[PDB]
């Protein structure tokens, strides 16, 4: 759900949305790490469970719509920042 | 697996002559020939090539011709003049590969057990690296394909030999080039780099605009394998990575600051050594 | 002091308010312009002076 910005989720939202208690979310997430649909890590001094890798899933029309919006916003910035290299050095690189 | 091929620059030119033989038709006539190489290692070598007659229609791409009799005799000549060399595969000149291009491989796997193709490009409108090669495997899918059979990408590079570097780089004298220029190639390399980045993004959104709306098969190919590409996307300016640019770039700034501090003193030697030689050759002349 | 400034004497104290900041940093805002210096370094060093 969250687009990898603060994906270091704490135990409370796991323990709420799975409605399991607090002292079982670690045995729950180590199972999913052992099977291998996720590749995160576990802290305990803050009890935040960092996320790194998610398996790819199926999506639909409106997910492609935002994905082109991610792609166009990434494509036109590369081209603009590549102009700024050539504009900086015209007859310097031959 | 083969995991790269090594292509000498005698071919990529012994293809284009055969495109120049039948090229008077102009419109479309694909060149197909026979590739010669070395049963070398896991890594493989490519040395020689020759042609073979081939024609094919526009509709119903199942009518095509490889003269086996021409392939037996002319390779029998090259086996006669060269015992070191034997067959490794084939090539065709088409810019993008066609639908016909799998039954050609399925013919000549009875010559070499791993018969490999090479696609070349007589017109690389892409200014990047041409002449990429494939190999066919079976990747039978969850869908229930009886044989999922599609070619796999194999990396490739241009080979080199001591005699052919003489003849090729003699012919490079028709244009100017800076191979000796340090950092003049380098600034172009990120220009030639990021041009490749923009070229792959304009292609992928053209595929992505079509499959979004109206017409394309929406299949469980790329659309989530390309979702994994978004998953990496490092978050560059965050907490501790700032202490990777301010502890390591300023290391490399001091070495540049050292190198300038001597280069200025070196150029200052050439002043006094010229100013002594200037006026003392003058004051003895007068 | 209560009218030119704040500092309302409530229950037995003059009360201070928040006078702090967040201190954000990007340090790749210079990554556009630090590249401009590096291109300039090899510019004058390569030119026939």
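Numbering starts at 1 and runs along the chain as it is shown here.
So how was this one determined? The header says electron microscopy, 3.3 Å.
From the backbone N, Cα and C atoms, a Cβ is placed for every residue, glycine too.
Residues annotated as domain 'MPN' in Swiss-Prot: B:5-140. Swiss-Prot lists B:176 with the feature ubiquitin cross-link. The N6-acetyllysine annotation in Swiss-Prot covers B:200, B:210.
Per DSSP, the domain 'MPN' (B:5-140) is made up of 34 helix, 37 strand, 65 coil. Taking the recorded positions B:176, B:200 in turn, the residue surrounded by the fewest other Cβ atoms inside 10 Å of its Cβ turns out to be B:176. When Cβ atoms from all protein chains are considered, those within 10 Å of residue B:210 (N6-acetyllysine) total 11, not counting its own.
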